[PDB]
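Student: Can you keep this structure in mind? I'll have questions shortly.
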Amino acid sequence: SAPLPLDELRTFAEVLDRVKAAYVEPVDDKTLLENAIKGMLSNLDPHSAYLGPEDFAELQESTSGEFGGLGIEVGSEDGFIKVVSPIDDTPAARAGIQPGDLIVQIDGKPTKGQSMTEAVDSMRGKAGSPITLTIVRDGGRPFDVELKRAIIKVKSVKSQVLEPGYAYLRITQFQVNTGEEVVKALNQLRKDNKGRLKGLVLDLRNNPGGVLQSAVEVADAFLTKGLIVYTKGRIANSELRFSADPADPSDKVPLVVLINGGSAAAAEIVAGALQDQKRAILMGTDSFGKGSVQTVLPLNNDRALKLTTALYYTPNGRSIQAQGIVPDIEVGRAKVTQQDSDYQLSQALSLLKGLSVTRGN
Amino acid sequence: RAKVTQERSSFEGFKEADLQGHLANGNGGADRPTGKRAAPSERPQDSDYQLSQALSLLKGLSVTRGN
Amino acid sequence: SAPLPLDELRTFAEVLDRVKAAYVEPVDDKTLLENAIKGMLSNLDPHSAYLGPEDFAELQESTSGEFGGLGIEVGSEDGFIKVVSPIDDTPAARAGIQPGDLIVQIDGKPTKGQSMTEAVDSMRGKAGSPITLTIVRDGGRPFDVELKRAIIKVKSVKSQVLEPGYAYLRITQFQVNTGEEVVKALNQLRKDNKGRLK
Amino acid sequence: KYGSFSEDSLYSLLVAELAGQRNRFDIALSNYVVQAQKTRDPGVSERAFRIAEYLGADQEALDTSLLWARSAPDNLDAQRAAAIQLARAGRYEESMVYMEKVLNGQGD
């Protein structure tokens with residue numbers, strides 16, 4: 001409709017022409033245009049950002065791992081390399097590798113002088129590539145272990161009952177399969193607890209986010225009726241209303257969800273959905289309060305941009321963005337003196353057991 | 001009986017309102033910045049463990065019961 | 001002699017139109033092109049920046065003559081602000097601010113995603129005004145430090161006599177006047193040691 | 001590998017691409033043909049020729065095809081396009097040369 005703004009194009013062309021000359025290094029116009037794209041994207045809203053040919057693979061990994069690895073997690077503390085624990089369902093675990101194993105040489109490269117990122121990059125690689133590691137256990141004779149990289153699924157949900165009838169569930173980062181994993185975890189909990197459990201506590205603390213679809217799927221796994229979360233955006237296609245299906249394995253068990261400052265995008269979606277329906281009790285500190293549903297639009301040359309396509313709303317219409325969902329209990333981390341170690345979880349368990357004994361018993 | 005000693009964090013995670021150029025909330029209400037919190041007088045619930053437990057239990061029961 | 005990479009410009013135009021289409025808020029392409037220029041300059045060279053017309057007018061003269069400054073001089077590193085140097089005899093120097101300190105947040109605001117010029121401008125403030133910073137040293141635990149803004153006087157050079165023929169002259173900062181002051185200061189030393197210094 | 005964009009050419013091509021996006025194909029086509037003539041570059045000329053073909057214009061299409069063929073005689077696609085365009089125009093001798101070039105390669 002309106003004519004194109006020639007002044008803006010003119011100033012942009014002038015700036016590019018002057019920068020490609022005055023600068024103190026040879027700059028290929030490709031580089032200038034690519035940086036211009038990154039500028040037009042990253043400066044609009046903090047979350048939105050262009051993705052290069054490499055970082056797109058990183059985002060795909062973060063959403064759903066399905067990556068070639070040995071299933072070994074190495075942590076660098078005090079400048080020392082050590083293994084917290086072998087990852088379950090990996091060739092390394094079947095190879096006899098146990099927590100605390102100290103690798104003295106990585107493919108002939110000593111672990112000394114190697115940063116955590118370098119070690120992670122060396123360990124990770126395409127599936128099927130052989131890797132040889134010289135490891136010394138308990139100061140014994142060094143032994144060489146040969147492994148083949150294979151596609152390994154990273155755990156998304158973990159649980160551990162603090163007492164019969166009371167269960168604790170944890171979600172690290174939402175993934176595509178997170179909904180199925182949550183359903184499986186609930187089924188296993190029911191099986192091991194004879195199908196009846198007094199209470200369940202949820203842990204979204206420091207859970208950044210992930211795919212909105214899986215978050216809504218988990219909300220459906222817990223909630224039974226009502227509208228979970230719906231999004232509004234400038235473009236009509238971005239709009240989408242999600243409702244919880246009547247299918248429900250939770251069996252209306254009492255539920256307390258922890259929301260820490262970390263929980264930002266998907267954890268907050270689950271928390272808002274549960275709280276708005278009066279279906280669970282939220283405790284912890286004020287959440288990140290970011291509201292944004294982004295689509296990674298595909299593009300040529302493998303570099304797909306990521307834009308804040310739309311915002312979401314809690315079922316009641318409250319907008320989480322820039323505000324956050326204030327927890328009801330408002331339990332801040334502290335030390336209590338007269339599991340038990342985790343004060344927040346101890347409070348959650350005590351409240352849940354009290355609320356279970358007061359009624360329905 | 002027990003006493004709960006509230007602890008402070010030197011570095012606090014920046015909220016979405018802190019990031020430069022944060023989008024306005026859909027409802028249009030006032031934003032929530034990361035202002036420092038210092039209660040002029042400590043609330044009784046924070047002092048004695050039993051009172052805190054009872055207050056939290058009341059809050060949970062009222063919330064879940066749906067009034 | 002060589003082809004013009006027109007595909008790059010086609011990709012840029014595609015990206016511009018797609019962004020203006022799918023973005024939540026109505027954004028005029030003026031804003032998109034301004035942000036393209038800004039980010040291009042910022043990504044290419046951490047120090048550089050596109051100064052707007054109003055900013056350029058503000059760049060020509062300082063807002064206030066008595067305007068105060070914290071005193072820390074910073075320089076972007078790996079996309080993260082870095083404290084190059086705490087100028088001596090300033091409130092920031094009194095605190096534990098040392099070279100190599102990484103500034104995470106200023107005035108309770110993250111600075112990771114902003115330009116060095118904007119961060120420096122935010123650091124500056126009215127004289128005798130409180131301010132807060134978050135500092136990280138050698139990957140340590142980020143800790144908060146509060147400072148009081150004040151007008152900074154360099155004092156130029158500092159001179160003293162250490163031994164009958166050994167003198168010590170420190171240069172706190174290189175302002176306009178120091179260019180000559182040193183010599184004057186040197187003369188004094190040359191006067192107080194019989195014209196010769198060991 | 002890649003040539004440098006001249007300021008005026010950069011601005012003209014940028015506005016042409018944006019106009020083509022905004023459906024105002026007339027400005028885009030005019031700018032593309034003018035800049036192809038100015039720059040005598042293979043890629044720009046080919047893009048202008050394709051835009052002209054989509055618009056259905058002929059004289060601009062003929063000019064763009066001739067410019068592309070002269071600038072990129074090596075490409076067989078340019079030879080075929082110029083041959084068809086100038087056979088429509090009415091001149092065959094250069095079309096005959098283009099057909100000979102095609103015969104040199106693996107073409108009809």
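We name chains A, B, ... following the order of the structure tokens; residues begin at 1 in each chain, and ligands are numbered from 1 as shown.
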Report as a count of residues only all protein, DNA and RNA residues lying within 7 Å of segment 60-73 of chain D, evaluated on only C-alpha atoms, omitting residues in the same chain fewer than 4 positions from it.
Tutor: 15
Student: Give me the residues near residue 36 of chain B as a compact mmCIF listing (two decimals) with N, CA and C atoms, in the first residue's frame, where near means some atom within 12 Å (using only C-alpha atoms) and where sequence neighbours in that chain fewer than 5 positions away do not count.
Tutor:
```txt
# COMPACT_ATOMS: atom_id res chain seq x y z
N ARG B 8 19.25 -14.78 52.96
CA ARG B 8 19.24 -13.88 51.82
C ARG B 8 20.24 -14.36 50.77
N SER B 9 19.99 -13.96 49.52
CA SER B 9 20.85 -14.29 48.40
C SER B 9 21.52 -13.02 47.89
N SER B 10 22.85 -13.04 47.82
CA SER B 10 23.58 -11.86 47.37
C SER B 10 23.22 -11.51 45.94
N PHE B 11 23.14 -12.51 45.07
CA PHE B 11 22.79 -12.31 43.67
C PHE B 11 21.42 -12.93 43.40
N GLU B 12 20.51 -12.14 42.86
CA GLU B 12 19.14 -12.57 42.60
C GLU B 12 18.90 -12.65 41.10
N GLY B 13 18.27 -13.73 40.66
CA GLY B 13 17.98 -13.91 39.25
C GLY B 13 17.13 -12.79 38.70
N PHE B 14 17.63 -12.12 37.66
CA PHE B 14 16.89 -11.02 37.07
C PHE B 14 15.55 -11.50 36.52
N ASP C 107 22.85 -1.34 38.18
CA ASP C 107 21.57 -0.81 38.66
C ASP C 107 20.50 -1.90 38.63
N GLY C 108 20.89 -3.12 38.98
CA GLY C 108 19.96 -4.23 38.95
C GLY C 108 19.40 -4.51 37.57
N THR C 132 24.47 0.40 42.13
CA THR C 132 24.80 -0.97 42.47
C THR C 132 25.34 -1.69 41.24
N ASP C 144 27.33 -8.54 44.83
CA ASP C 144 26.84 -7.17 44.65
C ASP C 144 27.72 -6.20 45.42
```
Student: Residues of chain A within 10 Å of chain B, using only C-alpha atoms, as a PyMOL selection string?
Tutor: chain A and resi 43-47+232+254-256+261-262+264+275+277-283+286-292+311-313+317-324+328-338+347-348+350-356+358-359
Student: Output the contact residues of chain A with respect to chain D at a cut-off of 10 Å, based on only C-alpha atoms, as a PDB file with N, CA, C and O atoms, in the first residue's frame.
Tutor:
```pdb
ATOM      1  N   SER A   1       0.827  -1.201   0.000  1.00  0.00           N
ATOM      2  CA  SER A   1       0.000   0.000   0.000  1.00  0.00           C
ATOM      3  C   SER A   1       0.865   1.256   0.000  1.00  0.00           C
ATOM      4  O   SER A   1       1.085   1.868  -1.045  1.00  0.00           O
ATOM      5  N   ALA A   2       1.354   1.636   1.177  1.00  0.00           N
ATOM      6  CA  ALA A   2       2.183   2.823   1.283  1.00  0.00           C
ATOM      7  C   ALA A   2       3.515   2.603   0.567  1.00  0.00           C
ATOM      8  O   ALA A   2       4.020   1.480   0.508  1.00  0.00           O
ATOM      9  N   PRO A   3       4.105   3.661   0.014  1.00  0.00           N
ATOM     10  CA  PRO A   3       5.394   3.504  -0.667  1.00  0.00           C
ATOM     11  C   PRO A   3       6.493   3.112   0.304  1.00  0.00           C
ATOM     12  O   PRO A   3       6.449   3.430   1.495  1.00  0.00           O
ATOM     13  N   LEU A   4       7.488   2.410  -0.222  1.00  0.00           N
ATOM     14  CA  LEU A   4       8.598   1.981   0.612  1.00  0.00           C
ATOM     15  C   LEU A   4       9.340   3.208   1.135  1.00  0.00           C
ATOM     16  O   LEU A   4       9.421   4.226   0.439  1.00  0.00           O
ATOM     17  N   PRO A   5       9.889   3.155   2.346  1.00  0.00           N
ATOM     18  CA  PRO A   5      10.647   4.302   2.863  1.00  0.00           C
ATOM     19  C   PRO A   5      12.032   4.347   2.242  1.00  0.00           C
ATOM     20  O   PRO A   5      12.920   3.571   2.606  1.00  0.00           O
ATOM     21  N   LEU A   6      12.222   5.270   1.300  1.00  0.00           N
ATOM     22  CA  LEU A   6      13.504   5.345   0.613  1.00  0.00           C
ATOM     23  C   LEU A   6      14.579   5.955   1.498  1.00  0.00           C
ATOM     24  O   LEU A   6      15.764   5.663   1.316  1.00  0.00           O
ATOM     25  N   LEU A   9      16.198   3.034   3.585  1.00  0.00           N
ATOM     26  CA  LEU A   9      17.070   2.245   2.725  1.00  0.00           C
ATOM     27  C   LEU A   9      18.322   3.031   2.367  1.00  0.00           C
ATOM     28  O   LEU A   9      19.425   2.475   2.327  1.00  0.00           O
ATOM     29  N   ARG A  10      18.168   4.328   2.105  1.00  0.00           N
ATOM     30  CA  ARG A  10      19.306   5.158   1.733  1.00  0.00           C
ATOM     31  C   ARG A  10      20.320   5.231   2.864  1.00  0.00           C
ATOM     32  O   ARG A  10      21.527   5.072   2.645  1.00  0.00           O
ATOM     33  N   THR A  11      19.850   5.479   4.088  1.00  0.00           N
ATOM     34  CA  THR A  11      20.776   5.555   5.212  1.00  0.00           C
ATOM     35  C   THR A  11      21.429   4.206   5.470  1.00  0.00           C
ATOM     36  O   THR A  11      22.619   4.144   5.797  1.00  0.00           O
ATOM     37  N   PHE A  12      20.680   3.112   5.319  1.00  0.00           N
ATOM     38  CA  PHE A  12      21.280   1.794   5.502  1.00  0.00           C
ATOM     39  C   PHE A  12      22.378   1.551   4.475  1.00  0.00           C
ATOM     40  O   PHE A  12      23.467   1.070   4.811  1.00  0.00           O
ATOM     41  N   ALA A  13      22.108   1.875   3.211  1.00  0.00           N
ATOM     42  CA  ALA A  13      23.112   1.670   2.174  1.00  0.00           C
ATOM     43  C   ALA A  13      24.335   2.536   2.426  1.00  0.00           C
ATOM     44  O   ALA A  13      25.472   2.080   2.265  1.00  0.00           O
ATOM     45  N   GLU A  14      24.122   3.792   2.825  1.00  0.00           N
ATOM     46  CA  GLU A  14      25.248   4.665   3.129  1.00  0.00           C
ATOM     47  C   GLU A  14      26.080   4.104   4.271  1.00  0.00           C
ATOM     48  O   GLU A  14      27.315   4.097   4.206  1.00  0.00           O
ATOM     49  N   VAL A  15      25.421   3.631   5.330  1.00  0.00           N
ATOM     50  CA  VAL A  15      26.149   3.105   6.477  1.00  0.00           C
ATOM     51  C   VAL A  15      26.959   1.883   6.074  1.00  0.00           C
ATOM     52  O   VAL A  15      28.123   1.739   6.461  1.00  0.00           O
ATOM     53  N   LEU A  16      26.361   0.980   5.293  1.00  0.00           N
ATOM     54  CA  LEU A  16      27.104  -0.201   4.865  1.00  0.00           C
ATOM     55  C   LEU A  16      28.286   0.181   3.983  1.00  0.00           C
ATOM     56  O   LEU A  16      29.389  -0.358   4.140  1.00  0.00           O
ATOM     57  N   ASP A  17      28.078   1.112   3.050  1.00  0.00           N
ATOM     58  CA  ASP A  17      29.162   1.514   2.162  1.00  0.00           C
ATOM     59  C   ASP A  17      30.302   2.148   2.942  1.00  0.00           C
ATOM     60  O   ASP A  17      31.478   1.927   2.630  1.00  0.00           O
ATOM     61  N   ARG A  18      29.978   2.957   3.947  1.00  0.00           N
ATOM     62  CA  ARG A  18      31.031   3.622   4.700  1.00  0.00           C
ATOM     63  C   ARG A  18      31.735   2.655   5.641  1.00  0.00           C
ATOM     64  O   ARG A  18      32.945   2.778   5.859  1.00  0.00           O
ATOM     65  N   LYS A  20      32.148  -0.618   5.119  1.00  0.00           N
ATOM     66  CA  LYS A  20      32.995  -1.549   4.384  1.00  0.00           C
ATOM     67  C   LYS A  20      34.315  -0.925   3.957  1.00  0.00           C
ATOM     68  O   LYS A  20      35.213  -1.657   3.526  1.00  0.00           O
ATOM     69  N   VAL A  27      36.420  -6.741   5.174  1.00  0.00           N
ATOM     70  CA  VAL A  27      35.101  -7.231   5.556  1.00  0.00           C
ATOM     71  C   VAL A  27      34.375  -7.652   4.289  1.00  0.00           C
ATOM     72  O   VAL A  27      34.180  -6.843   3.375  1.00  0.00           O
ATOM     73  N   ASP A  28      33.981  -8.921   4.231  1.00  0.00           N
ATOM     74  CA  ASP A  28      33.216  -9.426   3.102  1.00  0.00           C
ATOM     75  C   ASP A  28      31.753  -9.047   3.279  1.00  0.00           C
ATOM     76  O   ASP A  28      31.187  -9.216   4.363  1.00  0.00           O
ATOM     77  N   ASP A  29      31.137  -8.539   2.210  1.00  0.00           N
ATOM     78  CA  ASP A  29      29.778  -8.022   2.327  1.00  0.00           C
ATOM     79  C   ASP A  29      28.830  -9.066   2.897  1.00  0.00           C
ATOM     80  O   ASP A  29      27.844  -8.716   3.556  1.00  0.00           O
ATOM     81  N   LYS A  30      29.105 -10.346   2.653  1.00  0.00           N
ATOM     82  CA  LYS A  30      28.308 -11.394   3.276  1.00  0.00           C
ATOM     83  C   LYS A  30      28.297 -11.231   4.789  1.00  0.00           C
ATOM     84  O   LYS A  30      27.242 -11.331   5.427  1.00  0.00           O
TER      85      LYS A  30
END
```
Student: If you measure from atom CA of residue 36 of chain D to atom CA of residue 301 of chain A, what distance in Å do you get, rounded to one decimal?
Tutor: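 That distance, rounded to one decimal, is 25.5 Å.
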Student: List the neighbours of segment 180-197 of chain C out to 10 Å using only C-alpha atoms; skip same-chain residues closer than 5 positions along the sequence, and give me the result as a PyMOL selection string.
Tutor: chain C and resi 156-161+163-171
Student: Since we have the selection now, will you write its residues out, keeping N, CA and C atoms, as a compact mmCIF listing (two decimals), in the first residue's frame?
Tutor:
```
# COMPACT_ATOMS: atom_id res chain seq x y z
N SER C 156 45.97 14.34 37.89
CA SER C 156 47.06 14.27 36.91
C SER C 156 48.17 13.41 37.48
N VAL C 157 49.41 13.88 37.56
CA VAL C 157 50.54 13.05 37.95
C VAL C 157 50.73 13.13 39.46
N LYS C 158 51.46 12.15 39.99
CA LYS C 158 51.81 12.11 41.40
C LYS C 158 53.30 11.83 41.51
N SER C 159 54.00 12.63 42.32
CA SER C 159 55.45 12.56 42.42
C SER C 159 55.88 12.53 43.87
N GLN C 160 56.98 11.83 44.13
CA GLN C 160 57.59 11.78 45.45
C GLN C 160 59.03 11.31 45.29
N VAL C 161 59.82 11.51 46.33
CA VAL C 161 61.23 11.13 46.35
C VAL C 161 61.36 9.88 47.21
N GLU C 163 64.50 7.74 47.25
CA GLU C 163 65.86 7.64 47.74
C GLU C 163 66.65 8.83 47.22
N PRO C 164 67.79 9.14 47.85
CA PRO C 164 68.53 10.37 47.49
C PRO C 164 68.65 10.63 46.00
N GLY C 165 68.66 9.57 45.19
CA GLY C 165 68.78 9.73 43.76
C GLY C 165 67.78 8.91 42.96
N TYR C 166 66.82 8.29 43.65
CA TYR C 166 65.81 7.46 43.00
C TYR C 166 64.44 8.06 43.25
N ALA C 167 63.76 8.42 42.17
CA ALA C 167 62.45 9.07 42.23
C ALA C 167 61.39 8.17 41.63
N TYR C 168 60.13 8.46 41.96
CA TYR C 168 59.00 7.63 41.56
C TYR C 168 57.86 8.54 41.13
N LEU C 169 57.44 8.42 39.87
CA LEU C 169 56.41 9.28 39.30
C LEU C 169 55.31 8.41 38.71
N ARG C 170 54.10 8.54 39.25
CA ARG C 170 52.97 7.73 38.81
C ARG C 170 52.04 8.56 37.94
N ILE C 171 51.51 7.94 36.89
CA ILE C 171 50.59 8.60 35.96
C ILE C 171 49.23 7.94 36.15
```
Student: Would you return as an MDAnalysis selection string the members of segment 39-185 of chain C that DSSP assigns to strand (DSSP E or B) on this structure's backbone?
Tutor: chainID C and resid 68 72:74 77 80 82:86 102:106 109:110 125 130:136 143:148 157:163 166:171
Student: Determine which residues of chain B receive a DSSP assignment of helix (DSSP H, G or I), computed from the backbone, and state them as a ChimeraX atom specification.
Tutor: /B:44-47,49-65
Student: Using N, CA and C atoms, can you write the selected residues to a file as a PDB file, in the first residue's frame?
Tutor:
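So part.pdb came out as:
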```pdb
ATOM      1  N   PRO B  44       5.490 -12.705  62.396  1.00  0.00           N
ATOM      2  CA  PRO B  44       5.622 -13.791  63.383  1.00  0.00           C
ATOM      3  C   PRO B  44       5.787 -15.161  62.754  1.00  0.00           C
ATOM      4  N   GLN B  45       5.115 -15.415  61.629  1.00  0.00           N
ATOM      5  CA  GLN B  45       5.169 -16.739  61.018  1.00  0.00           C
ATOM      6  C   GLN B  45       6.598 -17.163  60.717  1.00  0.00           C
ATOM      7  N   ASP B  46       7.462 -16.215  60.358  1.00  0.00           N
ATOM      8  CA  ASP B  46       8.842 -16.551  60.035  1.00  0.00           C
ATOM      9  C   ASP B  46       9.635 -16.994  61.258  1.00  0.00           C
ATOM     10  N   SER B  47       9.169 -16.666  62.463  1.00  0.00           N
ATOM     11  CA  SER B  47       9.960 -16.919  63.664  1.00  0.00           C
ATOM     12  C   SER B  47       9.819 -18.362  64.139  1.00  0.00           C
ATOM     13  N   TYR B  49       8.515 -22.251  64.042  1.00  0.00           N
ATOM     14  CA  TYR B  49       8.245 -23.235  63.000  1.00  0.00           C
ATOM     15  C   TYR B  49       6.785 -23.672  63.013  1.00  0.00           C
ATOM     16  N   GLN B  50       6.216 -23.880  64.201  1.00  0.00           N
ATOM     17  CA  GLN B  50       4.852 -24.393  64.283  1.00  0.00           C
ATOM     18  C   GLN B  50       3.860 -23.424  63.655  1.00  0.00           C
ATOM     19  N   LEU B  51       4.005 -22.130  63.939  1.00  0.00           N
ATOM     20  CA  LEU B  51       3.090 -21.153  63.364  1.00  0.00           C
ATOM     21  C   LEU B  51       3.207 -21.127  61.847  1.00  0.00           C
ATOM     22  N   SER B  52       4.433 -21.204  61.329  1.00  0.00           N
ATOM     23  CA  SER B  52       4.616 -21.231  59.883  1.00  0.00           C
ATOM     24  C   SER B  52       3.946 -22.451  59.271  1.00  0.00           C
ATOM     25  N   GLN B  53       4.125 -23.620  59.889  1.00  0.00           N
ATOM     26  CA  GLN B  53       3.498 -24.826  59.364  1.00  0.00           C
ATOM     27  C   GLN B  53       1.983 -24.696  59.362  1.00  0.00           C
ATOM     28  N   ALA B  54       1.412 -24.188  60.454  1.00  0.00           N
ATOM     29  CA  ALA B  54      -0.038 -24.043  60.516  1.00  0.00           C
ATOM     30  C   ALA B  54      -0.538 -23.066  59.464  1.00  0.00           C
ATOM     31  N   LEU B  55       0.156 -21.942  59.294  1.00  0.00           N
ATOM     32  CA  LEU B  55      -0.282 -20.955  58.317  1.00  0.00           C
ATOM     33  C   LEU B  55      -0.216 -21.518  56.905  1.00  0.00           C
ATOM     34  N   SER B  56       0.868 -22.224  56.578  1.00  0.00           N
ATOM     35  CA  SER B  56       0.974 -22.818  55.251  1.00  0.00           C
ATOM     36  C   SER B  56      -0.099 -23.879  55.042  1.00  0.00           C
ATOM     37  N   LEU B  57      -0.386 -24.678  56.072  1.00  0.00           N
ATOM     38  CA  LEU B  57      -1.430 -25.688  55.942  1.00  0.00           C
ATOM     39  C   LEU B  57      -2.784 -25.042  55.693  1.00  0.00           C
ATOM     40  N   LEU B  58      -3.087 -23.958  56.409  1.00  0.00           N
ATOM     41  CA  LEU B  58      -4.331 -23.241  56.154  1.00  0.00           C
ATOM     42  C   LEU B  58      -4.383 -22.737  54.720  1.00  0.00           C
ATOM     43  N   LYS B  59      -3.293 -22.130  54.250  1.00  0.00           N
ATOM     44  CA  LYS B  59      -3.284 -21.606  52.889  1.00  0.00           C
ATOM     45  C   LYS B  59      -3.538 -22.719  51.883  1.00  0.00           C
ATOM     46  N   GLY B  60      -2.844 -23.843  52.045  1.00  0.00           N
ATOM     47  CA  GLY B  60      -3.020 -24.944  51.117  1.00  0.00           C
ATOM     48  C   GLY B  60      -4.427 -25.507  51.143  1.00  0.00           C
ATOM     49  N   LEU B  61      -4.985 -25.685  52.340  1.00  0.00           N
ATOM     50  CA  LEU B  61      -6.333 -26.227  52.448  1.00  0.00           C
ATOM     51  C   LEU B  61      -7.341 -25.298  51.790  1.00  0.00           C
ATOM     52  N   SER B  62      -7.229 -23.995  52.053  1.00  0.00           N
ATOM     53  CA  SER B  62      -8.162 -23.049  51.455  1.00  0.00           C
ATOM     54  C   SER B  62      -8.033 -23.038  49.937  1.00  0.00           C
ATOM     55  N   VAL B  63      -6.802 -23.078  49.424  1.00  0.00           N
ATOM     56  CA  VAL B  63      -6.613 -23.035  47.977  1.00  0.00           C
ATOM     57  C   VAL B  63      -7.185 -24.286  47.324  1.00  0.00           C
ATOM     58  N   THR B  64      -6.815 -25.465  47.830  1.00  0.00           N
ATOM     59  CA  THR B  64      -7.231 -26.698  47.170  1.00  0.00           C
ATOM     60  C   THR B  64      -8.732 -26.920  47.305  1.00  0.00           C
ATOM     61  N   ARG B  65      -9.307 -26.580  48.461  1.00  0.00           N
ATOM     62  CA  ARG B  65     -10.735 -26.782  48.659  1.00  0.00           C
ATOM     63  C   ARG B  65     -11.569 -25.943  47.702  1.00  0.00           C
TER      64      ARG B  65
END
```
Student: List every residue of chain A that has an atom at most 7 Å from any atom of chain C, and for each one report the closest atom pair and its distance in Å to one decimal, counting only C-alpha atoms, with rows sorted by chain and then by increasing residue number, as a tab-separated table.
Tutor:
```
residue	atom	partner	partner_atom	distance
A:8	CA	C:30	CA	6.2
A:12	CA	C:37	CA	6.6
A:30	CA	C:8	CA	6.4
A:32	CA	C:40	CA	6.4
A:33	CA	C:8	CA	6.9
A:35	CA	C:40	CA	4.4
A:36	CA	C:40	CA	4.3
A:37	CA	C:36	CA	6.0
A:38	CA	C:39	CA	6.5
A:39	CA	C:39	CA	3.5
A:40	CA	C:36	CA	4.0
A:43	CA	C:35	CA	6.2
A:233	CA	C:24	CA	5.5
A:234	CA	C:24	CA	4.8
A:235	CA	C:22	CA	6.3
A:307	CA	C:23	CA	6.8
A:308	CA	C:23	CA	6.5
A:309	CA	C:23	CA	5.7
A:310	CA	C:24	CA	5.7
```
Student: Do me a favour and pick out the residues of chain C within 7 Å of chain B, using only C-alpha atoms, as a list in words.
Tutor: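 Written out as asked, the residues are residues 109, 110, 142, 143 and 144 of chain C.
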Student: Could the residues in this selection be written to a file with N, CA, C and O atoms, as a PDB file, in the first residue's frame?
Tutor:
```pdb
ATOM      1  N   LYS C 109      20.210  -4.332  36.528  1.00  0.00           N
ATOM      2  CA  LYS C 109      19.782  -4.540  35.154  1.00  0.00           C
ATOM      3  C   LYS C 109      20.846  -5.355  34.428  1.00  0.00           C
ATOM      4  O   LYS C 109      22.029  -4.976  34.447  1.00  0.00           O
ATOM      5  N   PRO C 110      20.487  -6.465  33.785  1.00  0.00           N
ATOM      6  CA  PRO C 110      21.486  -7.198  32.999  1.00  0.00           C
ATOM      7  C   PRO C 110      22.050  -6.325  31.893  1.00  0.00           C
ATOM      8  O   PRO C 110      21.338  -5.529  31.277  1.00  0.00           O
ATOM      9  N   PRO C 142      29.008 -14.390  41.586  1.00  0.00           N
ATOM     10  CA  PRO C 142      28.668 -12.977  41.377  1.00  0.00           C
ATOM     11  C   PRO C 142      28.220 -12.334  42.679  1.00  0.00           C
ATOM     12  O   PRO C 142      27.314 -12.828  43.353  1.00  0.00           O
ATOM     13  N   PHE C 143      28.859 -11.222  43.032  1.00  0.00           N
ATOM     14  CA  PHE C 143      28.562 -10.534  44.279  1.00  0.00           C
ATOM     15  C   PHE C 143      28.214  -9.079  44.004  1.00  0.00           C
ATOM     16  O   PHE C 143      28.734  -8.462  43.071  1.00  0.00           O
ATOM     17  N   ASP C 144      27.326  -8.536  44.829  1.00  0.00           N
ATOM     18  CA  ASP C 144      26.845  -7.175  44.652  1.00  0.00           C
ATOM     19  C   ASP C 144      27.717  -6.195  45.422  1.00  0.00           C
ATOM     20  O   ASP C 144      28.147  -6.472  46.546  1.00  0.00           O
TER      21      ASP C 144
END
```
Student: Any idea what's packed within 8 Å of residue 179 of chain A, counting only C-alpha atoms, ignoring anything in its chain fewer than 6 positions away? Could you give it as a list in words?
Tutor: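 The contact residues come out as residues 214, 215, 217, 218 and 221 of chain A.
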Student: Take the residues just selected and output them with N, CA and C atoms as a compact mmCIF listing (two decimals), in the first residue's frame.
Tutor:
```txt
# COMPACT_ATOMS: atom_id res chain seq x y z
N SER A 214 4.57 -30.08 24.63
CA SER A 214 4.79 -31.04 25.70
C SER A 214 4.33 -30.48 27.04
N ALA A 215 4.49 -29.17 27.26
CA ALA A 215 3.98 -28.58 28.48
C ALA A 215 2.47 -28.73 28.58
N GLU A 217 0.78 -31.00 27.09
CA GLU A 217 0.53 -32.43 27.25
C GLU A 217 0.64 -32.85 28.71
N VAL A 218 1.65 -32.34 29.42
CA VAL A 218 1.78 -32.63 30.84
C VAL A 218 0.60 -32.06 31.61
N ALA A 221 -2.04 -34.34 31.27
CA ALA A 221 -1.78 -35.53 32.07
C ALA A 221 -2.24 -35.32 33.51
```
Student: Give me, please, the distance in Å between atom CA of residue 165 of chain A and atom CA of residue 186 of chain A, quoted to one decimal.
Tutor: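 Distance between the two atoms: 13.1 Å.
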